[PDB]
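Given as structure tokens, the chain that follows is alone and in the form deposited in one PDB entry.
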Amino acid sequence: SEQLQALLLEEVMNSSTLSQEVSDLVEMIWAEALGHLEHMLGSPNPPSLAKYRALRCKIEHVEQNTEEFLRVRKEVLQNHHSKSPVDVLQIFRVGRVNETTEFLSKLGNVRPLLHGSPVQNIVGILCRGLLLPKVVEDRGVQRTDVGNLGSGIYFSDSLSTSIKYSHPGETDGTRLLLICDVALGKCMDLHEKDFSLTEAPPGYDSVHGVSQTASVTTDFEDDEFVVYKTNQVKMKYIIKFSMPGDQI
């Protein structure tokens, strides 16, 4: 029978929908989340198509010599005011199933921004999107429960800032940050902390903590961009990078 032969070929055609670089990434962030849960509680290579399908998130490797790679690499490094050595390893286009249709692009002032996260959050971030934190209300609100601009989703325009939240993973020591389209809308500039915010001030859609300078002192070392609605955010790229300062 040739119906037998046709189904084995269809298996091959299904498996190849996952590239090698994306399959590697899926296993690493999956290894990192499992390794982290295991550690909380004590205790080439075949395709990991089941793990990738469970992310419900499309991931395409962008090749190191293409126009897209060199441009997006450039944009990531554009505001690296630390001048600390960074090796942009890999770049991935990312697409969540519902993110593209719920995005509030019509607010205007859409900017691409950086969001750093530890590696063990990445599987959850790809499956669910960036989520709002839970607001504290039954006990006193503490500064370990709240960003310095309240209960929102935090971005920066600077790779120097993102490096403070993209910690090296225990698996392979590399760092991940996200590049997101953020619908900033009417963006209010702030020079002082405000832990109590749960939405942008009246008439504004987002908030900007202005980074301190010699002329203008502020409460913010870094530039922070904060939105308070998950649909003001659309993930676009995953960036894998490393820092040699990190070795030895």
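Whichever C-alpha set is largest while still superposing within 1.5 Å between the two forms counts as the rigid core. All residue numbers are counted from 1 along the displayed sequence. Residues that one form lacks are left out of the comparison.
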_Unresolved deposited residues lying between neighbours residue 43 and residue 44_ = 4 to 9
*As stated in the PDB record, which stretch has the larger average Cα B-factor, 77 to 85 or 144 to 152?*
77 to 85
*Return whichever of 123 to 131 and 100 to 108 has the greater mean Cα B factor according to the PDB record.*
100 to 108
*Going by the entry, which of 94, 163, 113, 136 has the most elevated CA B factor?*
136
*Between 207, 182, 197, 70, which carries the biggest CA temperature factor in the record?*
70
*According to the PDB entry, is the CA B factor of residue 190 in the bottom, middle or top third of its chain, that is, lowest, middle or highest?*
lowest
*asked:* Taking only the Cα B-factors deposited for this chain, tell me whether residue 158 sits in the lowest, middle or highest third.
replied: lowest
*What third of its chain, lowest, middle or highest, does the C-alpha temperature factor of residue 219 fall into?*
lowest
_residue 201 - Cα temperature factor, lowest/middle/highest third of chain_ = lowest
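Omitted from view is the form deposited in another entry, to which the following refers.
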*With the core superposed, could you pull out the runs of three or more residues whose CA atoms all shift by at least 2 Å between the shown form and the other one?*
1 to 18, 45 to 47
